[PDB]
Each structure stands twice: as structure tokens, then as C-alpha cells.
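Here is the structure we will look at.
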Amino acid sequence: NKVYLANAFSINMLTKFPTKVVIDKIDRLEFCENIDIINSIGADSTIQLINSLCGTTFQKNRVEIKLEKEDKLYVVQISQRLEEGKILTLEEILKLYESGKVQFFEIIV
Amino acid sequence: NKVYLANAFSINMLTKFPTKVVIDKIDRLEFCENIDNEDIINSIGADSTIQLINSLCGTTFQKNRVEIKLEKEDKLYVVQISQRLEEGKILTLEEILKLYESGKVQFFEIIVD
RNA sequence: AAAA
């Protein structure tokens, strides 16, 4: 059983269909405790944010993950649709975080 | 029960937790038949994707980059790219057609809770 | 929110 970290969920993470995905929202403390795991976070500002929140030392690792049944995924998620192609800067993602728009999830396949 | 069309599935589409979704893969024909319907709520948020699906399906969608929020028993059809792209990539029509012809544009049906 |  593997555990992954990502900056979004994508259907491209799934390998077999149909599949059921169970999604729960968790708080910062639970997120940080559980990710302190295979990192796929693919944006620099997100790495900086989670390292600051959790005291971790992840580095950007923009790779494809493929989940199997009973794999688990932690997501740090932006709770707003952004402009096309948006890559958030540190200032931008911190502003979103401080406005309640960066949220944390646990996903079981 | 509402039906939506999108260019991805995102956790930001969900409103209540914990929740389940079930995701299944469908082919182009099934996708086109199910979205060529008057009830569907379009959220496709890139121009090339609109042009691609209109060409594949004979539809007349326009770009509508909005937030959808799914409730229990809602259904979602997704057209998406089957590969992780460079950061911030917005595919052109030529690019997305090439991906489509190489098997890298895939179609999904999602049932929420 | 085509893998924020």
C-alpha cells in the first residue's frame, strides 16, 4: 500500500475503470502529520507552502503517479478555479491560504 | 439530478465530505452521444478543447470557464488529457488534435455519491 | 479545474 502527495487529484492517476474514490477533507495538522510518502507536487510555490506549514523538506517532483486499489493520496488543493494556465507564485498561494482557499484532503482508491 | 461537462475532475467540484465518486471510462461515441443533449451544463474552460469536442461530436459549445459544484446523484462527463503536461500548459488546437489522434485524449463518466 |  502506497501513499502519495499531490497538488490536485486527476483522473489520470487511475489505472482501472470503473473505480470508486472516497474523498475526505482534513485539517492542516492532520495533513502535516500524515505527510511528515511519494511526492508528486509539481509547482514550486506549493512545495514552499507545505514545507513552511509542515516543517517538511519536499522538493518539486512533477511526475505522473498511478494509483492502485487501496493506495492513499493526500492533496493540497486550491478551492477556486484559476485563470487558464495559472502558475501561482508564493505570494499568491499564501494569500489564498490566508483566505481559506487552500484546503487539504485525503483520498482512498 | 444535473449533468455536467468538464475538462477535468477536481476535488473543488465537491461540496460535502466525506464523499465518494465513481469514475468510468467511455469512448468517443458514448461521450458525444451523452453530451449532445440540451440539459448538460458546460464548464469546459479552454478554447481548443471546445473546438475539439465540437468537431468530434457536431456540438456547438462555447468556452465557459466556470466553477461547478456537484451534489449527490449529479453526473459529470469529462474530456481530458491522459498525460501530465508542463506547468501552465494551455494546448492549442493543433496540439490537442495530435494528442487525440495518439490516444491521449480520453473520456470519462463520473457519478457523485 | 485538461495533474492546483
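Computed from heavy atoms alone, side chains included, the values below leave out hydrogens, waters and symmetry copies. Residue numbers begin at 1 in each chain, while the letters A, B, ... track the order of the sequences.
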Checklist entry - Taking atom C1' of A2(C) as reference, at what distance in whole Å does atom CZ of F61(B) sit? => result 16 Å

Checklist entry - Among the clusters formed by ILVMFWY side chains lying less than 4.5 Å apart, do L82(A) and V76(A) turn up in the same one? => result yes

Next on the checklist: Just the rounded figure in Å: distance from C1' of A3(C) to CZ of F9(A).
Outcome noted: 10 Å

Checklist entry - Which heavy atom in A6(B) sits nearest to a heavy atom in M13(B), and how many Å separate them? => result CB-CE, 3.8 Å

Item to check | Side-chain donor-acceptor pair present, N12(A), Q80(B), cut-off under 3.5 Å | outcome: yes

Item to check | Under-4.0 Å salt bridge between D74(B) and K2(B) | outcome: no

Checklist entry - If you look at every strand shown and take non-hydrogen atoms under 4.0 Å, does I44(B) touch a base, only sugar-phosphate, or nothing? => result nothing

Checklist entry - Which whole-number value in Å describes the distance from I68(B) CD1 to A2(C) P? => result 11 Å

Checklist entry - Between the side-chain atoms of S10(B) and the base atoms of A2(C), is any donor-acceptor pair under 3.5 Å? => result no

Checklist entry - Is any side-chain N or O of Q83(B) closer than 4.0 Å to OP1 or OP2 of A2(C)? => result no

Next on the checklist: Can you measure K104(B) atom NZ to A3(C) atom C1' for me and round it to whole angstrom units?
Outcome noted: 16 Å

Checklist entry - Can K86(A) and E92(A) be counted as an ion pair, charged N to O under 4.0 angstrom? => result yes

Next on the checklist: What contact category does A43(A) fall into here, base, sugar-phosphate, or nothing, at under 4.0 angstrom with non-hydrogen atoms?
Outcome noted: base

Next on the checklist: Distance check needed: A2(C) P versus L91(B) CG, whole Å only.
Outcome noted: 10 Å

Checklist entry - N61(A) CG to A3(C) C1': how many Å, rounded? => result 13 Å

Next on the checklist: Rounding to an integer number of Å, can you tell me how far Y77(B) OH sits from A2(C) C1'?
Outcome noted: 19 Å

Checklist entry - Is any side-chain N or O of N12(A) closer than 4.0 Å to OP1 or OP2 of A3(C)? => result yes

Checklist entry - To the nearest Å, how far apart are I87(A) CD1 and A2(C) P? => result 12 Å

Checklist outcome for this item: Judged by nearest nucleotide, the residue sitting upstream toward the 5' end of RNA chain C, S79(A) or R84(B), is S79(A)

Next on the checklist: At 4.0 Å (heavy atoms only), tell me whether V63(A) reaches a base, stays on the sugar-phosphate, or touches nothing.
Outcome noted: base

